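What follows is a single structure, written as structure tokens, with notes after it.
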Amino acid sequence: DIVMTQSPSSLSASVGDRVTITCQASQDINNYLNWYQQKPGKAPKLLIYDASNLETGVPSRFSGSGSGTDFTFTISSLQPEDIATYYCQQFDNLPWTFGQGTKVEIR
Amino acid sequence: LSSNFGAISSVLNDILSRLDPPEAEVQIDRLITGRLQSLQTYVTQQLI
Amino acid sequence: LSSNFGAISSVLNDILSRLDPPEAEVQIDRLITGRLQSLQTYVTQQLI
Amino acid sequence: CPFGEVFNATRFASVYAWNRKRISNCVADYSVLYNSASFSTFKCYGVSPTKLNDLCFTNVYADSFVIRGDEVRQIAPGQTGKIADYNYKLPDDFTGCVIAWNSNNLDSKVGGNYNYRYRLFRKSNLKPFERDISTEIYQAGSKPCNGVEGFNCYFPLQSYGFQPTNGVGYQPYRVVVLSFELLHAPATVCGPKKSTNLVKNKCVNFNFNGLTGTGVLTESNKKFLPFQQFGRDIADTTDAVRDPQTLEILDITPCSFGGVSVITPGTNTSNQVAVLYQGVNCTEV
Amino acid sequence: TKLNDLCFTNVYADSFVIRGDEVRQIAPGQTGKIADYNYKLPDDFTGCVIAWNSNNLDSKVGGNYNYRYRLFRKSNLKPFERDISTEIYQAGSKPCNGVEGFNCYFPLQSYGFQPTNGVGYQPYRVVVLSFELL
Amino acid sequence: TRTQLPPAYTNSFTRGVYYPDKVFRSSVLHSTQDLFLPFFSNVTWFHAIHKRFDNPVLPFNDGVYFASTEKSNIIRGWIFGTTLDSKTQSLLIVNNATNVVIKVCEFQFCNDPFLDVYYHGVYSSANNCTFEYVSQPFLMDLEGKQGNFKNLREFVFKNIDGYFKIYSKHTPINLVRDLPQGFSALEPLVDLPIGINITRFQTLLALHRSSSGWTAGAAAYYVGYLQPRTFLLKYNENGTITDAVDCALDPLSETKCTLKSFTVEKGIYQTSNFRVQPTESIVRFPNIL
Amino acid sequence: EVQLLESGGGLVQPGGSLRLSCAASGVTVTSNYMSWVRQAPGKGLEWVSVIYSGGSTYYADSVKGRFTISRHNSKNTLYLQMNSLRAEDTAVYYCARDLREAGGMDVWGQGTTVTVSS
């Protein structure tokens, strides 16, 4: 039914560079969007929820914005700890189709 | 017509809309059996 | 004879050889029940 | 008959395109073929599973495909399902039986089992012996599907994800549906039946391929159409019979023209007693 | 067709407001996120489900956050059970003295009813008509 | 240069009587519910008589009749299917007055198909199918008559639970004034136990010679339309159908169907019950509870 | 105290049935939503199946009948059987519990690698 694909598919930057991620859905989603950090090898970890409140551990450099279909994510200073893949998906209407995924690697 | 004769109900309409048609026709035919026994009794008593 | 009253077949042999006696015999019993109802109706109207 | 070419086939087809094997014009003894317990599931409800040899049928059909096992036991009169509504539908008086065997670890493919396809939705029921070959799209939402996927719209053709990993109750089952027609044509392939000749003026029982009766087999003397199998009189009785081997026409007249009555005097007066056989020309003498 | 002229002693008309797409998920026997904590239809639900869009009235420019849905419950939903307890669940050894936190959650979370939502996700006013027969 | 002539229509008086089954009967008055041709019905009568090339295509939902009254026997077969292309396997039945051949394969039919032959070919190649049938040879009356039209061919395709049974009746007749009369019965010819439903069909119009090298004469044929009705059938001493009557044509036919008799004397009778249809359904609601 | 461990898997031959076990302590299996997710070595996430509260099992279309699910309340554990596992299903498996609309699936379990190679 609903397929949710990331607007960016492969973004590569260096340490400290800005990262802009657009998370769009087929139609409007609300309160069903989370910002994760899976990282190579280690277990996935959710970092940012509701795109407005910072969680314990996440640096204040990360920001999220948007109210509706499109949610935007901004990294002012990229750090080596952020080598990861961001996945935001629609966990509402089964089956859960997969997105493009924003793989951020530092240079 | 309002008597059940051991049936679920005396309204012939409901069972057609209750069970699956390939069997709901048989649960209508049991109503037909009761009501036709009723007619048989009615006509034999009418004829006597 | 041509009236089955819900039978699966009218031939006498085409009832025993297919289903189990626990079911085939009961099928035959209710079919013969229908025949006996026909006989009662026939004799009642025939005797009036 | 090809006993092994029906049930023990090497490969089976899908529900979208199920393969049909026909049996006719041969000799079939299904007792030994049924005796072997080589089938995981074989279900019959209102029709003979075993006496195909005694009371047989003209045409035998075996439709083999692969479906879900949980709906295999749902193949019964008065039952419905996704396959029973869209892919494989049967008439109200379905004359047949179902067979199912589990083949989860052999039907699978390395690159994904796309060989099995099915219709996902249909708006109405299916006609007897109809296969859904129309490209009509099912509409669930208000916006038209435009013949393709979209908002609340899906392509009816979908692929079974039949993997060996499936559970015992949900594994794919190769299913053979056995079908025929009854009381429409003289059957040709019954069991190991040995035959014998007939006699006139001596009342006997006749069983012509399921057509049973009792009477004298006397001379037929009326002109008949060449395509006749048997005839009737005014009394709604089987009046004429044709021998399937030597094509000759004969009449039927039921035997035992009467009953028994006993003429007796009073036992205080006598004990000698006479008997009448009512209505019948005397036979025992 | 026959619902016009069928006698039922009572009709349970349940009125509320939810998100647009979740209406079809409210079906007899269907299970999901709402069928375990907020409202589950009975396995013999003989009735109807109605839902109409009300984005014009029930959506605020700044965000209409007046409608809430319940997330946690002490037990699974039985046919037509209403648990409206406001006592904070204790999912651990931490005492829940009326404040939020881990293992101390008030089971109610606000609906995001905004005009930005799409037709399939706009606030729908939903009424379920459950007919009762003896 | 394909032009279609107006669809001339004709009335069928007493055509379409046939034995409902393989069981023979004698001196009975039997009723049966079967797909028939209602008495005094519509038949589409198509011509090919003096660019003027007709291509009539008709549906096969319930069943139809095919009637030929001609001596040249130009029409030889039928094409059955839905689109007659690679999408659906198309049935082809052809009878060359000696035997009948049926093939359901990927026949690349032309845009304007016809039975054009020479050296006195509807396909170039055939493949990708699992069906083929050739009927055993039979003796058609190939003796040539002159003058007026002295042959009659009747063909029926019934659909009994997916099995397509073909019934035939070929007899010499003496046409009078282009208005068909007569009386006969149709014997079942063959059955097709395939079980694949066919939507519509086309009839074959041939070109015969002893683009610009193919010529032909004139031809015409009737097509009927079956309906699910009930008939009575009277059997004579020899047991042949000497009379058949509809059960819904006129109240006299309904009367004879109910009484199972064909000689009805004076009296007031009953046939069925009259009833005004449910013109509307009335649901009500308190005004503005 | 809260702890989630897993058991099951190895180098069994193809067509050999197996049984994963998810032992969770500190939560209630009966009244919570849970999912199973398999991940390829060196790749991204890949969801498999969902279990709700009250005995409602669903999967994707490709894994329609994959699982046979049972639970034991002696230690609040899940057992989950696959008959005749598949070759490319060699992956690391996780049993997961999602809090949904109050912060979604922050911490993951352990995850065990299952190889069904020939």
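Simple scheme: letters A, B, ... for chains in structure tokens order, numbers from 1 for residues in each chain, numbers from 1 for ligands in the order shown.
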How close does each residue of chain A get to chain G, giving the shortest atom pair and distance in Å to one decimal for every residue with an atom at most 9 Å away, counting only C-alpha atoms, sorted by chain and residue number, as a Markdown table?
```
| residue | atom | partner | partner_atom | distance |
| --- | --- | --- | --- | --- |
| A:31 | CA | G:101 | CA | 6.6 |
| A:32 | CA | G:101 | CA | 6.6 |
| A:33 | CA | G:104 | CA | 8.8 |
| A:34 | CA | G:104 | CA | 7.0 |
| A:36 | CA | G:106 | CA | 8.3 |
| A:38 | CA | G:44 | CA | 8.2 |
| A:40 | CA | G:42 | CA | 7.2 |
| A:41 | CA | G:42 | CA | 7.2 |
| A:43 | CA | G:108 | CA | 6.0 |
| A:44 | CA | G:108 | CA | 6.4 |
| A:45 | CA | G:106 | CA | 5.3 |
| A:46 | CA | G:106 | CA | 4.5 |
| A:47 | CA | G:106 | CA | 7.5 |
| A:48 | CA | G:103 | CA | 8.8 |
| A:49 | CA | G:103 | CA | 6.1 |
| A:50 | CA | G:103 | CA | 8.1 |
| A:85 | CA | G:44 | CA | 8.1 |
| A:87 | CA | G:45 | CA | 8.7 |
| A:91 | CA | G:100 | CA | 8.4 |
| A:94 | CA | G:60 | CA | 8.0 |
| A:95 | CA | G:60 | CA | 6.0 |
| A:96 | CA | G:47 | CA | 7.6 |
| A:98 | CA | G:46 | CA | 8.0 |
| A:101 | CA | G:44 | CA | 8.8 |
```
Could you save the residues just selected, with N, CA and C atoms, as a PDB file, in the first residue's frame?
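As a result, selection02.pdb now contains:
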```pdb
ATOM      1  N   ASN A  31       3.386  11.724  14.274  1.00  0.00           N
ATOM      2  CA  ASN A  31       3.827  11.092  15.515  1.00  0.00           C
ATOM      3  C   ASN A  31       4.369   9.682  15.303  1.00  0.00           C
ATOM      4  N   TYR A  32       4.590   9.275  14.056  1.00  0.00           N
ATOM      5  CA  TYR A  32       5.107   7.956  13.720  1.00  0.00           C
ATOM      6  C   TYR A  32       6.451   8.065  13.010  1.00  0.00           C
ATOM      7  N   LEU A  33       7.267   9.035  13.421  1.00  0.00           N
ATOM      8  CA  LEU A  33       8.569   9.274  12.815  1.00  0.00           C
ATOM      9  C   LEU A  33       9.623   9.346  13.909  1.00  0.00           C
ATOM     10  N   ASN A  34      10.673   8.535  13.774  1.00  0.00           N
ATOM     11  CA  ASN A  34      11.766   8.485  14.733  1.00  0.00           C
ATOM     12  C   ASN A  34      13.099   8.576  14.001  1.00  0.00           C
ATOM     13  N   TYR A  36      16.922   7.404  14.186  1.00  0.00           N
ATOM     14  CA  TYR A  36      17.679   6.286  14.729  1.00  0.00           C
ATOM     15  C   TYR A  36      19.165   6.445  14.431  1.00  0.00           C
ATOM     16  N   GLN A  38      21.790   3.247  13.805  1.00  0.00           N
ATOM     17  CA  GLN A  38      22.068   1.816  13.837  1.00  0.00           C
ATOM     18  C   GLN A  38      23.560   1.538  13.990  1.00  0.00           C
ATOM     19  N   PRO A  40      27.452   0.628  12.029  1.00  0.00           N
ATOM     20  CA  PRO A  40      27.961  -0.684  11.597  1.00  0.00           C
ATOM     21  C   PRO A  40      28.228  -1.603  12.780  1.00  0.00           C
ATOM     22  N   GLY A  41      27.663  -2.801  12.717  1.00  0.00           N
ATOM     23  CA  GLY A  41      27.919  -3.834  13.724  1.00  0.00           C
ATOM     24  C   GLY A  41      27.147  -3.767  15.022  1.00  0.00           C
ATOM     25  N   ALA A  43      24.315  -2.699  17.949  1.00  0.00           N
ATOM     26  CA  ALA A  43      22.861  -2.746  17.936  1.00  0.00           C
ATOM     27  C   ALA A  43      22.289  -1.366  17.613  1.00  0.00           C
ATOM     28  N   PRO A  44      21.163  -1.303  16.900  1.00  0.00           N
ATOM     29  CA  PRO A  44      20.562  -0.002  16.590  1.00  0.00           C
ATOM     30  C   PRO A  44      20.127   0.723  17.853  1.00  0.00           C
ATOM     31  N   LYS A  45      20.198   2.051  17.805  1.00  0.00           N
ATOM     32  CA  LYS A  45      19.797   2.878  18.934  1.00  0.00           C
ATOM     33  C   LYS A  45      19.006   4.075  18.434  1.00  0.00           C
ATOM     34  N   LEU A  46      17.814   4.263  18.990  1.00  0.00           N
ATOM     35  CA  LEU A  46      17.034   5.465  18.732  1.00  0.00           C
ATOM     36  C   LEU A  46      17.661   6.641  19.469  1.00  0.00           C
ATOM     37  N   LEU A  47      17.821   7.763  18.773  1.00  0.00           N
ATOM     38  CA  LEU A  47      18.355   8.959  19.409  1.00  0.00           C
ATOM     39  C   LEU A  47      17.333  10.075  19.531  1.00  0.00           C
ATOM     40  N   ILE A  48      16.630  10.428  18.457  1.00  0.00           N
ATOM     41  CA  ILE A  48      15.769  11.606  18.475  1.00  0.00           C
ATOM     42  C   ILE A  48      14.330  11.189  18.211  1.00  0.00           C
ATOM     43  N   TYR A  49      13.429  11.634  19.084  1.00  0.00           N
ATOM     44  CA  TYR A  49      12.013  11.307  19.036  1.00  0.00           C
ATOM     45  C   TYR A  49      11.202  12.590  18.934  1.00  0.00           C
ATOM     46  N   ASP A  50      10.137  12.546  18.133  1.00  0.00           N
ATOM     47  CA  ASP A  50       9.209  13.652  17.900  1.00  0.00           C
ATOM     48  C   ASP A  50       9.862  14.847  17.218  1.00  0.00           C
ATOM     49  N   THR A  85      23.677   4.966   9.515  1.00  0.00           N
ATOM     50  CA  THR A  85      22.608   5.044   8.529  1.00  0.00           C
ATOM     51  C   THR A  85      21.321   5.420   9.249  1.00  0.00           C
ATOM     52  N   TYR A  87      17.387   5.677   9.299  1.00  0.00           N
ATOM     53  CA  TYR A  87      16.210   5.037   8.730  1.00  0.00           C
ATOM     54  C   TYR A  87      14.976   5.602   9.415  1.00  0.00           C
ATOM     55  N   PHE A  91       5.728   2.666  10.375  1.00  0.00           N
ATOM     56  CA  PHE A  91       5.299   1.495  11.139  1.00  0.00           C
ATOM     57  C   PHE A  91       3.826   1.591  11.535  1.00  0.00           C
ATOM     58  N   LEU A  94       0.838  -2.199   7.657  1.00  0.00           N
ATOM     59  CA  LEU A  94       1.536  -3.383   7.194  1.00  0.00           C
ATOM     60  C   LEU A  94       1.112  -3.726   5.765  1.00  0.00           C
ATOM     61  N   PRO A  95       2.027  -4.274   4.949  1.00  0.00           N
ATOM     62  CA  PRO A  95       3.420  -4.587   5.294  1.00  0.00           C
ATOM     63  C   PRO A  95       4.333  -3.364   5.275  1.00  0.00           C
ATOM     64  N   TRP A  96       5.405  -3.416   6.063  1.00  0.00           N
ATOM     65  CA  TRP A  96       6.339  -2.299   6.189  1.00  0.00           C
ATOM     66  C   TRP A  96       7.322  -2.330   5.025  1.00  0.00           C
ATOM     67  N   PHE A  98      10.355  -0.876   2.802  1.00  0.00           N
ATOM     68  CA  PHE A  98      11.610  -0.283   3.239  1.00  0.00           C
ATOM     69  C   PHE A  98      11.913   0.992   2.460  1.00  0.00           C
ATOM     70  N   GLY A 101      17.093   5.064   2.913  1.00  0.00           N
ATOM     71  CA  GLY A 101      18.088   5.121   3.964  1.00  0.00           C
ATOM     72  C   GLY A 101      19.169   6.149   3.708  1.00  0.00           C
TER      73      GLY A 101
END
```
Can you tell me, as a list in words, what residues are no more than 7 Å from residue D:172 when counting only C-alpha atoms, ignoring any on the same chain fewer than 2 positions away? residues 66, 67, 68, 69, 102, 103, 104, 162, 170 and 174 of chain D
So that I can see what lies close to stretch 107-122 of chain D, please list as a PyMOL selection string the residues with an atom at most 9 Å from it, counting only C-alpha atoms and leaving out residues fewer than 5 positions away in the same chain. (chain D and resi 11-17+66-67+82-83+85-87+132+136-138+154-164+172) or (chain G and resi 87-88)
I'd like the superposed chain B, fitted onto chain C by least squares over all Cα atoms in order, as a short mmCIF file (atom, residue, chain, number, x, y, z; two decimals) with C-alpha atoms, in the first residue's frame.
```
data_model
loop_
_atom_site.label_atom_id
_atom_site.label_comp_id
_atom_site.auth_asym_id
_atom_site.auth_seq_id
_atom_site.Cartn_x
_atom_site.Cartn_y
_atom_site.Cartn_z
CA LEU B 1 -40.97 -42.45 -6.21
CA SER B 2 -39.11 -40.31 -8.76
CA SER B 3 -39.58 -37.19 -6.60
CA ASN B 4 -36.63 -36.18 -4.44
CA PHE B 5 -38.51 -34.72 -1.45
CA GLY B 6 -35.42 -32.70 -0.61
CA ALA B 7 -33.20 -35.78 -0.83
CA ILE B 8 -29.98 -36.24 -2.79
CA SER B 9 -31.71 -38.50 -5.33
CA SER B 10 -34.86 -40.54 -5.86
CA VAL B 11 -32.88 -43.77 -6.41
CA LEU B 12 -32.69 -45.51 -3.03
CA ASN B 13 -29.89 -47.80 -4.24
CA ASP B 14 -27.05 -45.31 -4.64
CA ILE B 15 -26.74 -43.90 -1.10
CA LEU B 16 -26.19 -47.35 0.43
CA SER B 17 -23.10 -47.49 -1.80
CA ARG B 18 -22.10 -43.84 -1.18
CA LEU B 19 -21.62 -43.28 2.56
CA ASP B 20 -20.47 -45.48 5.43
CA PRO B 21 -23.12 -48.12 6.30
CA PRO B 22 -23.53 -47.09 9.98
CA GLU B 23 -24.53 -43.65 8.68
CA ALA B 24 -25.60 -44.66 5.16
CA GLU B 25 -28.48 -46.42 6.88
CA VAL B 26 -29.51 -43.03 8.32
CA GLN B 27 -29.28 -41.40 4.90
CA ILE B 28 -31.50 -44.24 3.72
CA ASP B 29 -33.86 -43.54 6.63
CA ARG B 30 -34.19 -39.93 5.48
CA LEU B 31 -35.39 -41.37 2.16
CA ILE B 32 -37.76 -43.56 4.18
CA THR B 33 -38.98 -40.46 6.00
CA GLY B 34 -39.69 -38.64 2.74
CA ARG B 35 -41.34 -41.63 1.09
CA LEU B 36 -43.39 -42.46 4.20
CA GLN B 37 -44.62 -38.88 4.37
CA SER B 38 -45.49 -39.49 0.73
CA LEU B 39 -47.39 -42.64 1.71
CA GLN B 40 -49.11 -40.82 4.57
CA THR B 41 -50.32 -38.10 2.21
CA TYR B 42 -51.25 -40.69 -0.40
CA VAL B 43 -53.26 -42.83 2.00
CA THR B 44 -55.00 -39.94 3.76
CA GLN B 45 -55.95 -38.44 0.39
CA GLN B 46 -56.88 -41.94 -0.79
CA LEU B 47 -59.03 -42.35 2.32
CA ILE B 48 -60.70 -38.97 1.87
#
```
Which chain D residues are at most 12 Å from chain A (counting only C-alpha atoms), as a compact mmCIF listing (two decimals) with N, CA, C and O atoms, in the first residue's frame?
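Dumped to result.txt:
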```txt
# COMPACT_ATOMS: atom_id res chain seq x y z
N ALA D 140 -10.96 -0.32 -4.30
CA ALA D 140 -11.28 -0.20 -2.89
C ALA D 140 -11.50 1.25 -2.46
O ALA D 140 -12.44 1.53 -1.71
N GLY D 141 -10.66 2.17 -2.92
CA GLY D 141 -10.80 3.57 -2.61
C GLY D 141 -11.66 4.30 -3.62
O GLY D 141 -12.24 3.72 -4.53
N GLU D 149 -1.09 0.03 -9.68
CA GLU D 149 -1.08 0.24 -8.24
C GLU D 149 -1.32 1.71 -7.91
O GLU D 149 -1.16 2.60 -8.75
N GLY D 150 -1.72 1.96 -6.66
CA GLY D 150 -1.97 3.32 -6.23
C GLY D 150 -2.54 3.37 -4.83
O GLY D 150 -2.22 2.53 -3.98
N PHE D 151 -3.39 4.37 -4.60
CA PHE D 151 -3.99 4.59 -3.29
C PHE D 151 -5.13 3.59 -3.10
O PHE D 151 -6.14 3.65 -3.80
N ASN D 152 -4.95 2.67 -2.14
CA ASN D 152 -5.92 1.61 -1.87
C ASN D 152 -6.20 0.77 -3.11
O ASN D 152 -7.32 0.28 -3.30
N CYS D 153 -5.19 0.59 -3.95
CA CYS D 153 -5.31 -0.20 -5.17
C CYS D 153 -4.10 -1.11 -5.29
O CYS D 153 -2.96 -0.67 -5.07
N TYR D 154 -4.34 -2.38 -5.63
CA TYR D 154 -3.27 -3.35 -5.79
C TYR D 154 -3.53 -4.18 -7.04
O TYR D 154 -4.68 -4.37 -7.46
N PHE D 155 -2.45 -4.66 -7.64
CA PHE D 155 -2.57 -5.52 -8.81
C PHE D 155 -3.12 -6.88 -8.38
O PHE D 155 -2.59 -7.49 -7.45
```
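Between atom CA of residue F:176 and atom CA of residue F:50 there is a distance of 21.0 Å.
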